[PDB]
Amino acid sequence: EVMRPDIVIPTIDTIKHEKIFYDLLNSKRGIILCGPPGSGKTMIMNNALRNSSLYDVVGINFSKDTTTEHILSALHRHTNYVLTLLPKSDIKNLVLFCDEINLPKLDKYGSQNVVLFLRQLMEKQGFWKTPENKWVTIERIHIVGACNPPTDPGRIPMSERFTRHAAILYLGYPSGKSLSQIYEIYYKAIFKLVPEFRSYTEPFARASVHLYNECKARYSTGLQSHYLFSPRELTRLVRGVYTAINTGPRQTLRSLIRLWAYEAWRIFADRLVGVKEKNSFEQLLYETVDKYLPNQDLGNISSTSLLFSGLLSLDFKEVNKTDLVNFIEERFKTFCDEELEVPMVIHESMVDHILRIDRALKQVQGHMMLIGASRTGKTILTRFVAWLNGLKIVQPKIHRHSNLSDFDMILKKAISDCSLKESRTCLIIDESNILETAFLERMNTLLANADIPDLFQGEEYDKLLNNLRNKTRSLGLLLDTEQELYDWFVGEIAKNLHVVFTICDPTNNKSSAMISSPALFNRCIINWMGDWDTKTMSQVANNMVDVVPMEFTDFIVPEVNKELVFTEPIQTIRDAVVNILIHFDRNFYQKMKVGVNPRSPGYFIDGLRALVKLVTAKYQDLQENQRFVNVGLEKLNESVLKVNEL
Amino acid sequence: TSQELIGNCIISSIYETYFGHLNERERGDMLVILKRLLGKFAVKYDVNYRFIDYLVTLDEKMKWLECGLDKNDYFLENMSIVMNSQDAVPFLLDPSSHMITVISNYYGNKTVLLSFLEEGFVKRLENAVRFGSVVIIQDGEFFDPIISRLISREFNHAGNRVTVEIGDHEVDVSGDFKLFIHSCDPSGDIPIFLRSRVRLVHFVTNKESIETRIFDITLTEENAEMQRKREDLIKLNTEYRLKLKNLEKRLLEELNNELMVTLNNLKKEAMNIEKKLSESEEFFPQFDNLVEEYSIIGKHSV
Amino acid sequence: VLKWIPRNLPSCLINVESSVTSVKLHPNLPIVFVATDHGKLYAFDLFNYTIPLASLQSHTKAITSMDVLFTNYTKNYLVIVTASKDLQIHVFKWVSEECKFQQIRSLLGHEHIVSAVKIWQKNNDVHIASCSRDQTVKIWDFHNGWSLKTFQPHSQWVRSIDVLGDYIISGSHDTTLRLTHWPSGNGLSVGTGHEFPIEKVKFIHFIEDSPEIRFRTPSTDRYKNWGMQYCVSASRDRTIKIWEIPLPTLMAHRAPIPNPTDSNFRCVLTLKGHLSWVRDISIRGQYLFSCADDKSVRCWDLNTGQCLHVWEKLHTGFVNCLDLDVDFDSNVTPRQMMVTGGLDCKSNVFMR
Amino acid sequence: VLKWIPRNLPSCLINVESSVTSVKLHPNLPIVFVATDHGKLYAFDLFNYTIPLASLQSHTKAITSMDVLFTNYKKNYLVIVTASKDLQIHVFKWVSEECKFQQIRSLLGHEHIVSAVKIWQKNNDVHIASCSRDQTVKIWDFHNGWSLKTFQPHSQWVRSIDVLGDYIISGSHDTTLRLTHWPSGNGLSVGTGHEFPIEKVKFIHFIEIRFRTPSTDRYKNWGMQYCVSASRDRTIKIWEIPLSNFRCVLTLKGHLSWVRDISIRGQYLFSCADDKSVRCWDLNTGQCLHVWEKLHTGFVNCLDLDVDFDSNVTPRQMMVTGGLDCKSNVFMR
Ligand SMILES: Nc1ncnc2c1ncn2[C@@H]1O[C@H](COP(=O)(O)OP(=O)(O)O)[C@@H](O)[C@H]1O
Ligand SMILES: Nc1ncnc2c1ncn2[C@@H]1O[C@H](COP(=O)(O)OP(=O)(O)O)[C@@H](O)[C@H]1O
Ligand SMILES: [Mg+2]
């Protein structure tokens, strides 16, 4: 019961907020919840409303394209037209819950429609019907809402005439003690699976809290625009630890520490960019493990030395690096034989990225946001991993002469395939696959919620409900209400649909909107693979130049500094060639003034392939020429010997 | 000449895959730093290396120059880079829009002109790929992502046939098909997916090209005797080298199965090569002095 | 005699230049046939395995499947049939006087790679059946050489087939099975329950007499007249599943037609325990043998459904194929030997 | 098993462009690696020998000798080392999945023509030792490519070498063959008695014969009991290394011409000479068992048989010879 998003561990802050919430709602007064994006507004409010015998809840999520027709339809399914508008329950009141009231957009003259509608309906206690023109008095329907601060982009500053009616409550981040207690409860619930380590629930929770605090204090938003942490990261750490323990083998203490460290690597440090930042995080893990888990016989906690995967066995355990590389090589050979053929070179970084993509593609409602340079191998690795997991890859064919109709019908086809035909789908979305902000809003809708509402409406809604009833009857299930059918539909979509975002230019304004979007950031798992480092370039170059004749001249080992050699210490001509190629790639990207943009390794790969072909051709020509001159010299010597003899 | 094969191959491959989108001064600076890197890691290389003198043959150079290419050596090197990009689709950036007829002359009647703004672009590109004609696409700054598979060359081999997927239907790939993408805006926005996967070649005119063109004009007009003598000596050296190799092949054919007359002819050809080398050994310093003399006019021009 | 279990160590280790794909066994003589990844068909002597007894390069691409048959007319000779990614099917003839391969003919008609070939004879009429990425299960003839019947039974591309008289079962890449009546081409039923593409599908034939068998004995006279009861399939979801063939509408001296109410495969027993894609399966007596990409060969049994012996680390690489002699044929002796073939360019044999 | 006697007629006759200088067998495949006189390397399939499986122009002059090895460690790949007159020891690996040759490195450093090479594997390291006509024999490293040691065993050229363990025995142009340690680099014993230069001088490893079986506990602990050397004096002589001079145990006769190469197959010894004949002389009785007449038109320069003393390499019954008539006979089973 940690996969359930509705569970709330009762602490002093939670009961305090629930008590003031009941005091405000019973006071006939709207409530606005404001705070940081991980404070816990939604879960506190849903816990307070679900566990009440006097209030029902209505779920509404605001987007930029939101009209009052959505609110009218949401109320109409929980009220009866008898004027006077009343909730269906006679004793229990009705509460209308709005998500992120900052996100509705101003019109051409600076006025959000829905907030003015809400101010009208909780100031005059009623509203005027547009097509019939009578005043529908509302007696006991309440309005609440949550919002991020208006400082960050996407959160529009809000009119005081609307907020003057609703009481404002601020929810700060919980303190260290509260987080420690909450995650102690979570870790006790996890370690109920393995009772022999039940005495370690407190140090794991304290270590996780300390790790989150240190990561929040170290990598501020001033370094990169996406270096923001929250308790949601800790909750995802707990969920990942439970998911790995549940399907894992029999565990030891060292295995548990390494598993938790791997989860910390995959959650707290896949958004990191700089190599110095990753080294600092590795030192942070070592310090945290030494401080809170004073255990010996602990191996390397580097990024490439923690390979936890379930491809090589029936259970989620640590796998040998070389065995995993051999398995990945053979699987990629089969994949290129059956699907599109790309001559890829296997290295440690690609293996690690395959592991983390596979980890994030096996989660329920697990989505990815791959950020890195072009030609780093994001689309091909995503296709390979989705082929490994049995998902079906859907790549939107979006070209220049395309509009919302083609993208929307592609989305509808994918959703219908997921629901009716019950086929898992990995939707790969590129930054060039979107063209306008409307596609971005469609992705926000599909990712924040489990459905896109306006795709199916009217005749489409009716045929969707008919198909849902047909599928439910064919599966031998009995669902009658349209709410139950819609819940089954959104559950099937959240189970059978994964969205992977491919971003090539993170400094672009469109990609900045993609990264800073609230629904995309709070749901996707960022995997900033970035540009290639020296070790990966060395491995690729050594795997590429080993198939060409290169060592055929005398070589003397050059004296050089230790920091100028990226490969193994120089012993032959091949290591020298690799060092020169990497050094020139670095110098070329330095003198081209890339700034801080990611450096595509496409030039390096093209240069390596051209060098291999050219060296092969030139060596063959040189060997032919040398054989020609030596056979001519031998014939000349034979002729002069025959002349001398005769 | 075998001790420096690897260095020359490295320089040529890097020159192809890196220097296609640089002007003359940047090309010189990065060539100098590449030579410094080669000398720091103790890898030998040819001291007087020239890209055209190593990878551009005389027949290819004459074929390119007779097709309409400019006499500039920069355009010769860029043309060689374009024709040596066998794996990736070359992206010709010609603001003057001059090279469409150049490539059309090179490939004759097989050249088919398309554009990214045509209403029937995709079906005629599919027809061209089926027939295998050489394709030139204009206005590359409006790259339609329908041919993203053709840019990335992500084919699947269906037995004896190579297959690419364009649109919603399957189309075969002919072995002789080639793709050239032409653009005319130096300030246009090339998509990063297209930019990282093409051989970006800049056929532009810059201040370094101004320097080179002023020197070319003053060489071809102020003293045409030196330039004509250089061209004549290069042509006769190439012809005598080909004749010498043919004579050596004939001599070994005779020796395997008059002979003294053939030996005398070979000796005369070798003496002619020696005389030509001796004559040309006292000609490059003269061009060096002319380079050192006509610099102030170039600085004034820039 | 049917309770034989291979020893913990291989009897002989056979070395081949490239990756071994399909391995069969000569029914009469102790000769191992190994088809590699160059298409180079081999033939080894079991007691003298240092050098191949014969070898031949027919296809220029990788052989994907293979099956053999010793003719029983009413002269007799073995008929090796090999198929490759070079789109053709080549039929061979094994001559023992010269101890060399002797290709008799070849078959064409597939416009993509072919992944499985099974050869059988009914009554003095040998037929060759195959399935490709064309999704077409074409049927050839051994004597005439012309194709007889073709059909497309799957949306995706069919991977493996099996034959029993007039009924052909065929798994496919669309992770579903389907039994099709061969003479009429009418798909009798379908089957679902696999989450990954199917690797091998074959019938679990009956045994004339046995002490206790559950999966190779008819439950009623209807199954006795039908001639088969169950089927076994192995796919890439690490699971071997046993199905039951549902009875369709039948008429005397008439083609069968599907039963809309009783035309679905029924999963009886599922067998888990393999650590990767179960590549090949084989049934001898009460024991069902299988191999996977876990570099291991397992020995299930049908009467109770759990593994008895696990041959872990049998190959340094993946394991690709097995072959055991047919136990339900009077003309084929079920001698005690089992042969495996791996991706590590080797082929272990267990004898005695 | 190890008592294989080849038949009186050839099974296959591989036809090359020029005279064949050195031949080696694939330790676990039916593939022969014949070396031409133009530096070209030809690999043939023993069941289809009409066309060469792969051909590569390695050197520019004639190949003098070559030896192969299957690595046992990191994938296990076969290594081919060839030496020629260009003072270069080229190293190749044979990718079986594509049946083509691939070049790793060229071992350089010799100032004169090389004569022979020998490849052996340590626990995890592979070494190369080659002897040149510059009166020096060097020990190489396969991966590193550097020179491990350089020792002069004699004052004249060296035409044959073999290394067993840490001890290497070389047969110089002078009749005084000497045995020297690899890491120590100090000669221990010398032996004379030949009337001409030594063409092949290799160890006789212990197997389970007259000289293979150790006679004393000290010799069994040392591992080396006897070595068989062939000189140009038309005789074959078997030595005995002391555990300060190398004695002689026997001296086989009957060679019409100079003996080029020898090969011990268990209890039987097979050799080829320049007299266009190959004789299988029993190592115990010292008498020739069967002699092949008119095997080749030219003079046989190389005879190759599978290694019998190695546990890794299967001692199969495949023996082939290489003559000077631009052909190579194959004996199978
Ligand atoms: N008292 C608590 N008990 C359990 N989980 C908590 C508590 N406080 C915060 N969290 C975690 O913090 C996260 C806040 O998520 P959410 O409420 O969706 O963010 P927002 O308030 O911005 O919508 C939740 O994932 C939850 O797991
Ligand atoms: N070992 C490797 N790792 C990553 N990329 C590689 C490797 N080898 C080649 N590549 C390049 O990666 C390209 C495919 O990557 P792709 O996923 O299409 O890039 P993008 O993520 O920008 O779409 C190929 O064109 C190839 O040139
Ligand atoms: Mg929130």
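Protein chains in written order, with the entry's author numbering: chain R, 2384 to 2465, 2471 to 3034; chain L, 3316 to 3572, 3582 to 3626; chain V, 139 to 212, 217 to 494; chain W, 139 to 211, 216 to 350, 355 to 389, 405 to 494.
Beta carbons: idealized from backbone N, C-alpha and C, even for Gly.
Alpha-carbon spacing of residue i relative to residue j, whole angstroms
i, j, result
"R/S2410", "R/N2429", "19 Å"
"R/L2853", "R/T2860", "10 Å"
"W/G427", "W/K141", "7 Å"
"V/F243", "V/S257", "23 Å"
"W/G313", "W/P339", "8 Å"
"R/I2993", "R/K3001", "12 Å"
"L/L3349", "R/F2972", "6 Å"
"L/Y3364", "L/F3334", "16 Å"
"R/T2922", "R/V2733", "15 Å"
"V/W419", "R/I2645", "31 Å"
"L/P3506", "L/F3470", "22 Å"
"V/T292", "V/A225", "17 Å"
"L/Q3318", "W/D228", "15 Å"
Pick from the options that is closest to residue i, judged by C-alpha positions
i, options, result
"R/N2884", "R/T2890, R/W2876 and R/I2891", "R/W2876"
"L/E3537", "L/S3328, L/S3419 and L/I3621", "L/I3621"
"V/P148", "V/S160, V/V481 and V/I201", "V/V481"
"R/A2907", "R/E2384, R/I2392, R/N2536 and R/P2519", "R/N2536"
"R/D2685", "R/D2658, R/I2454 and R/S2643", "R/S2643"
"V/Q478", "V/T159, V/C273, V/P165 and V/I152", "V/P165"
"W/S375", "W/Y211, W/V332, W/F293 and W/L389", "W/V332"
"L/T3416", "L/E3441, L/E3392 and L/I3452", "L/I3452"
"W/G459", "W/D465, W/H451, W/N473 and W/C433", "W/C433"
"W/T381", "W/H285, W/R421, W/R364 and W/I387", "W/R421"
"R/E2511", "R/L2625, R/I2531 and R/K2402", "R/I2531"
Anticipated Cβ contact below 8 Å, residue i with residue j, distance rounded
i, j, result
"R/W2653", "R/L2611", "With 8 Å as the limit, R/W2653 and R/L2611 do not qualify as a contact, their Cβ atoms being about 19 Å apart."
"V/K342", "V/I423", "5 Å"
"V/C150", "V/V491", "5 Å"
3 or more residues per run - each beta strand (DSSP E) lying fully within the region 423-471 of chain V
429-434, 439-443 and 461-465
Residues of the region 232-246 of chain W in Cβ contact with chain V at a cutoff of 8 Å, in chain order, please.
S238, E239 and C241
Residues within the region 3328-3347 of chain L neighbouring chain R, beta-carbon criterion of under 8 Å:
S3328, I3329, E3331, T3332, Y3333, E3341, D3344 and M3345
At 4 residues or longer, and completely inside the region 2681-2740 of chain R: list those alpha helix (DSSP H) runs for me, N to C.
2709-2726
Going along the chain, which unbroken runs of the beta strand (DSSP E) with 3 or more residues stay wholly within the region 2754-2821 of chain R?
2755-2759, 2780-2782 and 2813-2818
Under 8 Å (Cβ pairs) to chain V, residues found in the region 3468-3493 of chain L
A3473, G3474 and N3475
Secondary structure, beta strand (DSSP E): runs of 3+ residues fully inside the region 371-422 of chain V:
372-377, 381-386 and 408-414
Going residue by residue through the region 144-181 of chain V, where are the continuous beta strand (DSSP E) segments of at least 3 residues, counting only ones entirely within it?
150-153, 160-163 and 169-173
Restricting to runs no shorter than 3 residues, where is the beta strand (DSSP E) found entirely within the region 2504-2545 of chain R?
2514-2516, 2523-2525 and 2529-2535
Short of 7 Å Cβ to Cβ, which residues in the region 3393-3406 of chain L face chain R?
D3402 and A3403
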